[PDB]
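Enquirer: Here it is: the structure, laid out below.
Numbering (the entry's author numbering), first residue to last: 3 to 64, 68 to 230.
Okay, here's the thing in structure tokens:
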């Protein structure tokens with residue numbers, strides 16, 4: 003029945019308030035989600051000017070409820086089962102040989118709009134590292150998000166590592182530890198182990214004067230037969 007909220011195109015609003023090593027920034031995003039084909043289209047604007055961190059490092063933070074779950078694993082879709090009341094999504098993102106992001110997001114409906122409101126705190130970053138030094142290429146390498154149930158705590162956990170291309174040819178690892186917990190009290194679907202296959206593409210809007218990121222995502226659940 004949370005499923006029923008995603009049978010069509012859903013408008014999306016994203017708000018991120020960030021602080022990395024004391025550098026404050028704000029991001030606003032809007033777009034739409036179409037879970038029938040696992041498709042997300044989003045455009046994000048910096049409302050505080052040039053970001054202190056590379057746009058690619060924020061992609062995972064900025068709506069896995071829009072993943073396409075094949076009919077045969079629809080009883081494993083925690084994200085939609087927590088709707089409309091929503092879920093809290095928390096991560097620690099550990100950048101190898103560098104600092105960490107800690108994020109807490111509330112994802113829930115407000116009327117017909119799905120709203121993702123995020124707080125991000127970054128600490129322990131090197132002033133001349135790949136992140137604060139803006140050494141990461143504007144691109145993305147997609148792979149699988151591995152999901153497991155956390156029954157004790159009535160939610161899920163996810164783990165994955167993002168490989169960020171560095172301008173000098175090296176790779177900057179970002180170790181993601183993720184937890185999701187429902188906001189409502191009613192029962193939710195808790196999954197068997199599976200994964201989300203991601204396809205992520207970053208672009209620019211040639212008509213946009215503000216610092217910004219255009220994001221296109223295709224997400225499909227897999228791994229259960």
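Where a beta carbon is used, it is the ideal one built from N, C-alpha and C, also for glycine.
Where DSSP assigns a beta bridge to residue 28, which residues make up the other side?
Expert: By 1-based counting over the chain shown, the position of residue 28 is 26. 19.
Enquirer: Nearest-angstrom Cα distance between residue 27 and residue 230?
Expert: Here residue 27 corresponds to residue number 25 of the chain shown, with the count starting at 1. Here residue 230 corresponds to residue number 225 of the chain shown, with the count starting at 1. Using only the alpha carbons, I get a separation of about 44 Å.
Enquirer: Could you confirm whether any beta carbon from chain B is found closer than 7 Å to the beta carbon of residue 63?
Expert: The structure shown has no chain B; it contains just one protein chain.
Enquirer: With a CB to CB cut of under 6 Å and the five nearest residues on each side skipped, what residues in its chain are close to residue 71?
Expert: As a position in the chain shown, residue 71 is number 66, starting the count at 1. Only 35, 37, 42 meet the Cβ criterion.
Enquirer: Where do the ends of the beta strand (DSSP E) carrying residue 235 lie?
Expert: Absent from the structure is residue 235, since the part of the chain shown begins at 3 and ends at 230.
Enquirer: Ignoring anything shorter than 3 residues or poking outside the region 144-209, list the beta strand (DSSP E) runs there in chain order.
Expert: Qualifying beta strand (DSSP E) stretches, in chain order: 149-155, 160-170, 176-187, 199-208.
Enquirer: Quick one: what's residue 33 bridged to in DSSP?
Expert: Indexing the chain shown from 1 puts residue 33 at position 31. In DSSP, residue 33 forms a bridge with 14, 44.
Enquirer: Do the CB positions of residue 218 and residue 46 come within less than 7 Å of each other?
Expert: On the chain shown, position 213 is the one that residue 218 refers to. On the chain shown, position 44 is the one that residue 46 refers to. It is a contact, given that the beta carbons lie within the stated cut-off.
Enquirer: Exposed or buried, which one is residue 62 when buried takes at least 16 other CB atoms within 10 Å?
Expert: Mapped onto the chain shown, residue 62 falls at position 60. The residue is buried, with at least 16 neighbouring Cβ atoms inside 10 Å.
Enquirer: Report buried or exposed for residue 86, applying the criterion of at least 16 other Cβ atoms within 10 angstroms of its Cβ.
Expert: What you label residue 86 is simply residue 81 of the chain shown in a count that begins at 1. Its Cβ being crowded by 16 or more others within 10 Å, residue 86 is buried.
Enquirer: Between which two residues does the beta strand (DSSP E) containing residue 223 stretch?
Expert: Taking the chain shown and counting its residues from 1, the one referred to as residue 223 is at position 218. Taken as a continuous stretch (DSSP letters only), the beta strand (DSSP E) holding residue 223 covers 217-227.
Enquirer: Cβ atoms of residue 138 and residue 104: under 7 Å apart, would you say?
Expert: Working through the chain shown from its first residue, we reach residue 104 at position 99. Working through the chain shown from its first residue, we reach residue 138 at position 133. Contact flag unset, no.
Enquirer: Suppose you measure from the CA of residue 19 to the CA of residue 108; what does that come to, to the nearest Å?
Expert: As a working note, residue 19 is residue 17 in the chain shown. As a working note, residue 108 is residue 103 in the chain shown. C-alpha separation (whole angstroms): 10 Å.
Enquirer: Could you have a look at residue 100 and say whether DSSP puts it in helix, strand or coil?
Expert: Position 95 of the chain shown holds residue 100. Strand, per DSSP.
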